[PDB]
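Q: Dropping a structure here in structure tokens format, bear with me for questions.
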Amino acid sequence: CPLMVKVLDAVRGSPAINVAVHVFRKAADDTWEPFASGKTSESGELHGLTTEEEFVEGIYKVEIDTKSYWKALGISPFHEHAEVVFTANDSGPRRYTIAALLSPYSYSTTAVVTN
Amino acid sequence: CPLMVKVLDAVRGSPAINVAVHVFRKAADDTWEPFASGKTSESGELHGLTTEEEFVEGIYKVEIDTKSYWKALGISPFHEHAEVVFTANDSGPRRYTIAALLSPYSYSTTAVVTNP
Amino acid sequence: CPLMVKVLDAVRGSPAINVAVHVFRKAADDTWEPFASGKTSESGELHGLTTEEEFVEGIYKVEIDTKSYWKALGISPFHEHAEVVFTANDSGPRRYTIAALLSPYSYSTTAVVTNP
Amino acid sequence: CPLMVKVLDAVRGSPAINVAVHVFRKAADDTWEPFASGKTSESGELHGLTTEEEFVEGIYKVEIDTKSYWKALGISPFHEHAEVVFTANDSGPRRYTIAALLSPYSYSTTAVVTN
């Protein structure tokens, strides 16, 4: 899998489980075309989003539905979602790991790009 | 000032200066309408984006053009930009500070929301 | 003010108020000597820890008592405290801001270093 | 392993490899007693630090030699090291993952405590 997403919960110190994640690919007319989606597992990870054949160079948006996650845990959140926007580049390593660390009023994201 | 943005550079340990910021608001028809824009100062702060009157209830997106910033410094970063999407003024007028901390392959964003 | 500390609360999206902070400096004999201490204000900032004259070259440790803060709020966090260890004034006097962002199981710290 | 450490590099978007990590346990007289140590692998992870038998309740310090890491990559760092200080508690889940994300002038750490 060339594209993995991993989400952690900074309040509970745990993987963020059952978080919905939507990936889009920027179309020629600048609209965001649905590309892949899933929900994080019990390890807070989401594998199998796409394949090497399908994951061509281009601009992608990974949308993490953090609002719904916090709501289901009874906690009031600030953001509608977390958004990660990046260009996939064949010149760089082959596997992209998009990691996100969630708090109610803050989040951080990190790209781990490896061979 | 009901909406402020502060940006830091985690590589240099300094304010991130001349960072372009674009703010949008979700319209009735569900598209992102331009709302306000500006660039961070030598302190890494962006003030005067909008006014109390104009900053009504809505869903706002604050786009911080981190790629433009890093490339202007001769560096090739991972992200196109940092996007911060939030409902604002849903319980009456608040003051929002959107803070961001920038590294070439990583960023974090925080919101400080106060009631004047 | 050559050494400032700013602390935010990532759960509430607010300044972290009344956070105890203890600063130490590594002594000739390699032990941590007490240097300065204080508590963050309603803005989450701690000013006036030390003076230009007293803040000499050295290795400093800024201990932010995050456990005391969370427990005072009726919350059981993971860390005892957040420790920030750095050489200071090695190239002459600088101004340091140590920023921290607090969650119950996580924190981040940033240094902004300026030359007056 | 009840105690794992994982380190990432926010500048290169990669695991932080060959980072020295020292763990200490607080002794009765308040001194820090060496407990375990190692160097992160090519995945930026360090396994096998200790065992369930050895990892008793108490206060621990995980020291991550970030200064040396940045130096070896030709980059000027701010911190002497990153320090993570915490109480190990038998009332909580069994596996502690101490994660750290490194920049020259900033770092974040997160505890992932699971079953």
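Note on naming: chains are A, B, ... as they come in the structure tokens, residues start from 1 per chain, ligands start from 1 in the order shown.
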Based on DSSP run over this structure's backbone, return all residues of chain C in strand (DSSP E or B), as a PyMOL selection string.
A: chain C and resi 3-9+14-15+20-26+32-39+45-46+58-64+79-88+90+92+95-103+106-114
Q: Residues of chain D near chain B: apply a cut-off of 9 Å, count only C-alpha atoms, and supply the list as a compact mmCIF listing (two decimals) with N, CA and C atoms, in the first residue's frame.
A:
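out-v2.txt, freshly written:
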```
# COMPACT_ATOMS: atom_id res chain seq x y z
N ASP D 9 11.33 12.09 12.36
CA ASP D 9 12.05 13.30 11.95
C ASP D 9 11.09 14.15 11.11
N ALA D 10 10.74 15.33 11.64
CA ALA D 10 9.77 16.23 11.00
C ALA D 10 10.37 17.09 9.88
N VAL D 11 11.70 17.11 9.78
CA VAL D 11 12.40 17.84 8.73
C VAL D 11 12.52 16.99 7.45
N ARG D 12 12.88 15.73 7.61
CA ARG D 12 13.08 14.84 6.48
C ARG D 12 11.83 13.99 6.17
N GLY D 13 10.87 13.99 7.08
CA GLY D 13 9.68 13.13 6.93
C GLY D 13 10.05 11.66 6.92
N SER D 14 10.75 11.24 7.97
CA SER D 14 11.32 9.90 8.03
C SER D 14 11.41 9.43 9.47
N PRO D 77 20.89 22.08 16.32
CA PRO D 77 19.73 21.93 17.19
C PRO D 77 19.71 22.85 18.42
N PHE D 78 18.53 22.98 19.01
CA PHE D 78 18.32 23.79 20.20
C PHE D 78 18.47 23.00 21.50
N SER D 103 11.85 18.19 15.65
CA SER D 103 12.36 19.30 14.81
C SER D 103 13.54 19.96 15.52
N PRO D 104 14.37 20.71 14.77
CA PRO D 104 15.52 21.35 15.39
C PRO D 104 15.19 22.21 16.62
N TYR D 105 14.09 22.96 16.58
CA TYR D 105 13.74 23.85 17.69
C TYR D 105 12.45 23.49 18.41
N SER D 106 11.96 22.29 18.17
CA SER D 106 10.67 21.88 18.69
C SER D 106 10.59 20.36 18.73
N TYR D 107 9.88 19.82 19.71
CA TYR D 107 9.54 18.42 19.64
C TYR D 107 8.24 18.17 20.36
```
Q: Write out chain A, as a CSV table (one decimal) with C-alpha atoms, in the first residue's frame, after superposing it onto chain D by least squares using every C-alpha atom paired in order.
A:
```csv
chain,number,residue,atom,x,y,z
A,1,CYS,CA,7.8,-5.6,25.7
A,2,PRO,CA,6.0,-3.3,28.1
A,3,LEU,CA,8.0,-0.2,26.9
A,4,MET,CA,8.7,0.8,23.3
A,5,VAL,CA,10.1,4.1,21.9
A,6,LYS,CA,9.4,5.5,18.4
A,7,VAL,CA,11.1,8.6,17.0
A,8,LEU,CA,10.2,10.5,13.8
A,9,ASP,CA,12.0,13.3,11.9
A,10,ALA,CA,9.8,16.2,11.0
A,11,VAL,CA,12.4,17.8,8.7
A,12,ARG,CA,13.1,14.8,6.5
A,13,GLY,CA,9.7,13.1,6.9
A,14,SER,CA,11.3,9.9,8.0
A,15,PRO,CA,11.9,7.6,11.0
A,16,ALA,CA,14.7,9.0,13.2
A,17,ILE,CA,17.4,6.3,12.8
A,18,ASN,CA,20.4,5.6,15.1
A,19,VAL,CA,19.0,7.9,17.9
A,20,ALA,CA,20.4,7.0,21.3
A,21,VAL,CA,17.8,6.6,24.0
A,22,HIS,CA,18.5,6.2,27.8
A,23,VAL,CA,15.9,5.1,30.3
A,24,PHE,CA,16.3,5.8,34.0
A,25,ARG,CA,14.3,4.7,37.1
A,26,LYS,CA,13.9,7.1,40.1
A,27,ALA,CA,15.6,5.6,43.1
A,28,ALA,CA,14.5,6.1,46.8
A,29,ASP,CA,17.0,8.9,47.3
A,30,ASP,CA,15.6,10.8,44.3
A,31,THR,CA,18.5,10.0,42.0
A,32,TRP,CA,18.1,8.7,38.5
A,33,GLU,CA,19.2,5.1,38.2
A,34,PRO,CA,20.2,3.8,34.7
A,35,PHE,CA,17.6,1.2,33.7
A,36,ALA,CA,17.8,0.5,30.0
A,37,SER,CA,19.1,2.0,26.7
A,38,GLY,CA,19.5,1.4,23.0
A,39,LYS,CA,19.5,3.1,19.6
A,40,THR,CA,16.4,3.4,17.3
A,41,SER,CA,16.4,1.0,14.3
A,42,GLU,CA,15.9,1.9,10.6
A,43,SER,CA,12.1,2.1,11.4
A,44,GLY,CA,12.9,4.7,14.1
A,45,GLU,CA,11.8,2.2,16.8
A,46,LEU,CA,13.5,0.7,19.8
A,47,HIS,CA,12.2,-2.6,21.1
A,48,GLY,CA,13.5,-4.9,23.8
A,49,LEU,CA,14.4,-2.3,26.4
A,50,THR,CA,12.9,-4.2,29.3
A,51,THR,CA,10.7,-7.1,30.4
A,52,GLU,CA,7.4,-7.3,32.3
A,53,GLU,CA,9.3,-8.7,35.3
A,54,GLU,CA,11.7,-5.8,35.4
A,55,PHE,CA,9.3,-3.0,34.6
A,56,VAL,CA,7.8,-2.3,38.0
A,57,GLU,CA,5.6,0.6,39.1
A,58,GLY,CA,7.7,3.7,39.7
A,59,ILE,CA,8.8,6.9,38.0
A,60,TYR,CA,10.8,6.7,34.8
A,61,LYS,CA,12.7,9.1,32.6
A,62,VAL,CA,13.2,8.4,28.9
A,63,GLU,CA,16.0,10.6,27.5
A,64,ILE,CA,16.3,10.9,23.8
A,65,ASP,CA,19.7,12.2,22.5
A,66,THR,CA,18.3,14.6,19.9
A,67,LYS,CA,21.3,16.9,19.9
A,68,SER,CA,23.6,14.1,18.6
A,69,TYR,CA,21.0,13.1,16.0
A,70,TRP,CA,20.8,16.5,14.5
A,71,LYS,CA,24.6,17.0,14.6
A,72,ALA,CA,25.2,13.9,12.6
A,73,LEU,CA,22.9,15.2,9.9
A,74,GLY,CA,24.7,18.6,9.8
A,75,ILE,CA,21.8,20.5,11.4
A,76,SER,CA,22.1,22.9,14.3
A,77,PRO,CA,19.7,21.9,17.2
A,78,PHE,CA,18.3,23.8,20.2
A,79,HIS,CA,17.7,21.1,22.9
A,80,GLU,CA,20.4,19.0,24.7
A,81,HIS,CA,18.0,16.1,24.6
A,82,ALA,CA,14.3,15.4,24.8
A,83,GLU,CA,13.1,14.1,28.2
A,84,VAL,CA,10.0,12.1,28.9
A,85,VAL,CA,9.1,11.6,32.6
A,86,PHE,CA,6.2,9.5,33.7
A,87,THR,CA,4.9,7.1,36.3
A,88,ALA,CA,4.4,3.5,35.2
A,89,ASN,CA,1.0,2.3,36.6
A,90,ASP,CA,-0.3,-1.3,36.8
A,91,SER,CA,-3.9,0.1,36.8
A,92,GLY,CA,-3.6,1.1,33.2
A,93,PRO,CA,-3.2,-0.9,30.0
A,94,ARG,CA,-0.1,-3.0,29.7
A,95,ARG,CA,2.0,-1.7,26.8
A,96,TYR,CA,3.6,1.8,26.9
A,97,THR,CA,4.6,3.4,23.5
A,98,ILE,CA,6.6,6.6,24.0
A,99,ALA,CA,6.5,8.4,20.6
A,100,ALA,CA,8.5,11.6,19.8
A,101,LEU,CA,8.5,13.8,16.8
A,102,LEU,CA,11.6,15.9,16.3
A,103,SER,CA,12.4,19.3,14.8
A,104,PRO,CA,15.5,21.4,15.4
A,105,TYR,CA,13.7,23.9,17.7
A,106,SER,CA,10.7,21.9,18.7
A,107,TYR,CA,9.5,18.4,19.6
A,108,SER,CA,6.4,16.7,20.7
A,109,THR,CA,5.9,13.5,22.6
A,110,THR,CA,2.9,11.2,23.0
A,111,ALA,CA,2.2,8.2,25.2
A,112,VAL,CA,0.2,5.4,23.6
A,113,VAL,CA,-0.9,3.1,26.4
A,114,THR,CA,-2.7,-0.1,25.2
A,115,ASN,CA,-3.9,-3.7,25.8
```
Q: Write out as a list in words each polymer residue whose atoms come within 12 Å of residue C:71, counting only C-alpha atoms; drop sequence neighbours fewer than 4 positions from it.
A: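 Contacts, with the query itself left out: residues 19, 65, 66, 67, 75, 76, 77, 78, 79, 80, 81 and 104 of chain C.
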Q: Go ahead and write the residues just picked, N, CA and C atoms, as a short mmCIF file (atom, residue, chain, number, x, y, z; two decimals), in the first residue's frame.
A:
```
data_model
loop_
_atom_site.label_atom_id
_atom_site.label_comp_id
_atom_site.auth_asym_id
_atom_site.auth_seq_id
_atom_site.Cartn_x
_atom_site.Cartn_y
_atom_site.Cartn_z
N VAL C 19 0.13 27.42 35.88
CA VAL C 19 1.09 26.34 35.69
C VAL C 19 2.42 26.65 36.40
N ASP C 65 5.44 21.90 35.38
CA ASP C 65 4.73 20.84 36.15
C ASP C 65 3.33 20.61 35.63
N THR C 66 3.28 19.87 34.54
CA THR C 66 2.05 19.52 33.86
C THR C 66 1.14 18.59 34.68
N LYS C 67 1.72 17.67 35.46
CA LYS C 67 0.90 16.78 36.30
C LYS C 67 0.13 17.59 37.36
N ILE C 75 -8.03 15.94 36.62
CA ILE C 75 -7.67 15.05 35.50
C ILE C 75 -6.36 14.31 35.80
N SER C 76 -6.29 13.03 35.45
CA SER C 76 -5.09 12.21 35.70
C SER C 76 -4.27 12.06 34.41
N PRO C 77 -3.15 12.80 34.30
CA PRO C 77 -2.39 12.78 33.05
C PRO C 77 -1.28 11.74 33.08
N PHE C 78 -0.60 11.58 31.96
CA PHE C 78 0.47 10.60 31.83
C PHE C 78 1.81 11.08 32.40
N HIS C 79 2.21 12.30 32.05
CA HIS C 79 3.58 12.74 32.35
C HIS C 79 3.69 13.36 33.73
N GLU C 80 4.87 13.25 34.35
CA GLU C 80 5.12 13.94 35.61
C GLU C 80 5.23 15.44 35.36
N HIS C 81 6.03 15.78 34.35
CA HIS C 81 6.22 17.16 33.94
C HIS C 81 6.79 17.18 32.52
N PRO C 104 -3.57 15.76 28.00
CA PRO C 104 -3.35 14.80 29.07
C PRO C 104 -2.29 13.72 28.77
#
```
Q: Any idea what's packed within 12 Å of residue C:28, counting only C-alpha atoms, ignoring anything in its chain fewer than 5 positions away? Could you give it as number ranges by chain?
A: C: 33, 58-59
Q: Please produce an output containing N, CA, C and O atoms for each residue in the selection, written as a compact mmCIF listing (two decimals), in the first residue's frame.
A:
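Result file selection38.txt:
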```
# COMPACT_ATOMS: atom_id res chain seq x y z
N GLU C 33 21.34 23.05 39.66
CA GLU C 33 21.10 24.06 40.70
C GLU C 33 19.83 24.85 40.40
O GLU C 33 19.56 25.19 39.25
N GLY C 58 25.05 28.87 30.00
CA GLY C 58 24.94 27.62 30.73
C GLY C 58 23.98 26.64 30.10
O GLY C 58 23.43 26.90 29.03
N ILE C 59 23.80 25.50 30.76
CA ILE C 59 22.81 24.53 30.32
C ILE C 59 21.65 24.65 31.29
O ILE C 59 21.82 24.51 32.50
```
Q: Tell me, as a CSV table (one decimal) with N, CA and C atoms, in the first residue's frame, which residues lie within 8 Å of residue C:34, counting only C-alpha atoms; anything in the same chain fewer than 6 positions away does not count.
A:
```
chain,number,residue,atom,x,y,z
C,22,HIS,N,9.6,25.5,37.1
C,22,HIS,CA,10.9,25.5,37.8
C,22,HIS,C,12.1,25.5,36.8
C,23,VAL,N,13.0,26.4,37.0
C,23,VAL,CA,14.2,26.5,36.1
C,23,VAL,C,15.4,26.1,36.9
C,24,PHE,N,16.3,25.3,36.3
C,24,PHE,CA,17.5,24.9,36.9
C,24,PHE,C,18.7,25.2,35.9
C,25,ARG,N,19.9,25.3,36.4
C,25,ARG,CA,21.1,25.5,35.6
C,25,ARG,C,22.2,24.5,36.1
```
Q: Extract the full set of helix (DSSP H, G or I) residues from chain B according to DSSP on the backbone, and format it as a VMD selection string.
A: chain B and resid 66 to 72
Q: Take the selection from the previous step and output its residues with N, CA, C and O atoms, as an mmCIF file, in the first residue's frame.
A:
```
data_model
loop_
_atom_site.group_PDB
_atom_site.id
_atom_site.type_symbol
_atom_site.label_atom_id
_atom_site.label_comp_id
_atom_site.auth_asym_id
_atom_site.auth_seq_id
_atom_site.Cartn_x
_atom_site.Cartn_y
_atom_site.Cartn_z
ATOM 1 N N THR B 66 1.823 27.063 3.437
ATOM 2 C CA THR B 66 3.100 26.569 3.916
ATOM 3 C C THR B 66 4.072 26.184 2.793
ATOM 4 O O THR B 66 5.276 26.366 2.944
ATOM 5 N N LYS B 67 3.566 25.654 1.676
ATOM 6 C CA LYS B 67 4.451 25.315 0.547
ATOM 7 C C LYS B 67 5.119 26.573 -0.029
ATOM 8 O O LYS B 67 6.331 26.593 -0.255
ATOM 9 N N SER B 68 4.324 27.615 -0.257
ATOM 10 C CA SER B 68 4.874 28.895 -0.734
ATOM 11 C C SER B 68 5.956 29.430 0.213
ATOM 12 O O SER B 68 6.983 29.941 -0.234
ATOM 13 N N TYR B 69 5.718 29.315 1.522
ATOM 14 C CA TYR B 69 6.680 29.753 2.541
ATOM 15 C C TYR B 69 8.015 29.004 2.472
ATOM 16 O O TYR B 69 9.086 29.632 2.443
ATOM 17 N N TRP B 70 7.957 27.671 2.467
ATOM 18 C CA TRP B 70 9.171 26.847 2.434
ATOM 19 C C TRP B 70 9.965 26.997 1.129
ATOM 20 O O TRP B 70 11.196 27.082 1.139
ATOM 21 N N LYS B 71 9.253 27.023 0.008
ATOM 22 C CA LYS B 71 9.889 27.211 -1.290
ATOM 23 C C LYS B 71 10.540 28.591 -1.414
ATOM 24 O O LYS B 71 11.610 28.724 -2.020
ATOM 25 N N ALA B 72 9.917 29.612 -0.824
ATOM 26 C CA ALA B 72 10.527 30.946 -0.797
ATOM 27 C C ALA B 72 11.834 30.939 -0.014
ATOM 28 O O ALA B 72 12.648 31.853 -0.149
#
```
Q: Suppose you want the space between atom CA of residue C:115 and atom CA of residue C:57; what is it in Å?
A: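 Answer for the atom CA of residue C:115 to atom CA of residue C:57 separation: 14.9 Å.
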Q: Record the distance separating atom CA of residue C:61 and atom CA of residue C:36, expressed in Å with one decimal.
A: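 Going from atom CA of residue C:61 over to atom CA of residue C:36, I get 10.4 Å.
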Q: Name the residues in contact with residue C:48 at a cut-off of 10 Å, using only C-alpha atoms, excluding same-chain residues fewer than 3 positions from it; report them as a list in words.
A: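 Everything that qualifies: residues 1, 2, 3, 4, 5, 36, 37, 38 and 51 of chain C.
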Q: Go ahead and save the residues from that selection, with N, CA, C and O atoms, as a PDB file, in the first residue's frame.
A:
```
ATOM      1  N   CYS C   1      13.243  41.111  29.293  1.00  0.00           N
ATOM      2  CA  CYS C   1      12.938  39.706  29.695  1.00  0.00           C
ATOM      3  C   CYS C   1      13.626  38.716  28.756  1.00  0.00           C
ATOM      4  O   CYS C   1      13.176  38.492  27.631  1.00  0.00           O
ATOM      5  N   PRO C   2      14.741  38.133  29.208  1.00  0.00           N
ATOM      6  CA  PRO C   2      15.512  37.192  28.394  1.00  0.00           C
ATOM      7  C   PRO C   2      14.986  35.751  28.392  1.00  0.00           C
ATOM      8  O   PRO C   2      15.407  34.956  27.546  1.00  0.00           O
ATOM      9  N   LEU C   3      14.111  35.405  29.339  1.00  0.00           N
ATOM     10  CA  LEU C   3      13.533  34.048  29.385  1.00  0.00           C
ATOM     11  C   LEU C   3      12.037  34.091  29.717  1.00  0.00           C
ATOM     12  O   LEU C   3      11.659  34.464  30.824  1.00  0.00           O
ATOM     13  N   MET C   4      11.195  33.708  28.760  1.00  0.00           N
ATOM     14  CA  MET C   4       9.746  33.686  28.966  1.00  0.00           C
ATOM     15  C   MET C   4       9.197  32.295  28.685  1.00  0.00           C
ATOM     16  O   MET C   4       9.760  31.548  27.890  1.00  0.00           O
ATOM     17  N   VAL C   5       8.096  31.954  29.344  1.00  0.00           N
ATOM     18  CA  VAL C   5       7.440  30.670  29.108  1.00  0.00           C
ATOM     19  C   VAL C   5       5.960  30.921  28.832  1.00  0.00           C
ATOM     20  O   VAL C   5       5.325  31.717  29.532  1.00  0.00           O
ATOM     21  N   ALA C  36      15.462  29.701  38.942  1.00  0.00           N
ATOM     22  CA  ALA C  36      14.323  30.612  39.016  1.00  0.00           C
ATOM     23  C   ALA C  36      13.057  29.766  38.957  1.00  0.00           C
ATOM     24  O   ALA C  36      13.097  28.615  38.526  1.00  0.00           O
ATOM     25  N   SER C  37      11.939  30.343  39.378  1.00  0.00           N
ATOM     26  CA  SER C  37      10.654  29.634  39.303  1.00  0.00           C
ATOM     27  C   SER C  37       9.518  30.627  39.327  1.00  0.00           C
ATOM     28  O   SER C  37       9.712  31.791  39.705  1.00  0.00           O
ATOM     29  N   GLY C  38       8.337  30.184  38.909  1.00  0.00           N
ATOM     30  CA  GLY C  38       7.154  31.045  38.910  1.00  0.00           C
ATOM     31  C   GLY C  38       5.936  30.255  38.444  1.00  0.00           C
ATOM     32  O   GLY C  38       5.982  29.036  38.336  1.00  0.00           O
ATOM     33  N   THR C  51      16.986  37.926  35.009  1.00  0.00           N
ATOM     34  CA  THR C  51      17.451  39.175  34.434  1.00  0.00           C
ATOM     35  C   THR C  51      18.573  38.893  33.461  1.00  0.00           C
ATOM     36  O   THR C  51      19.219  37.845  33.518  1.00  0.00           O
TER      37      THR C  51
END
```
Q: In Å, rounded to a single decimal, give me how far atom CA of residue C:60 is from atom CA of residue C:109.
A: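 Between atom CA of residue C:109 and atom CA of residue C:60 the gap is 14.8 Å.
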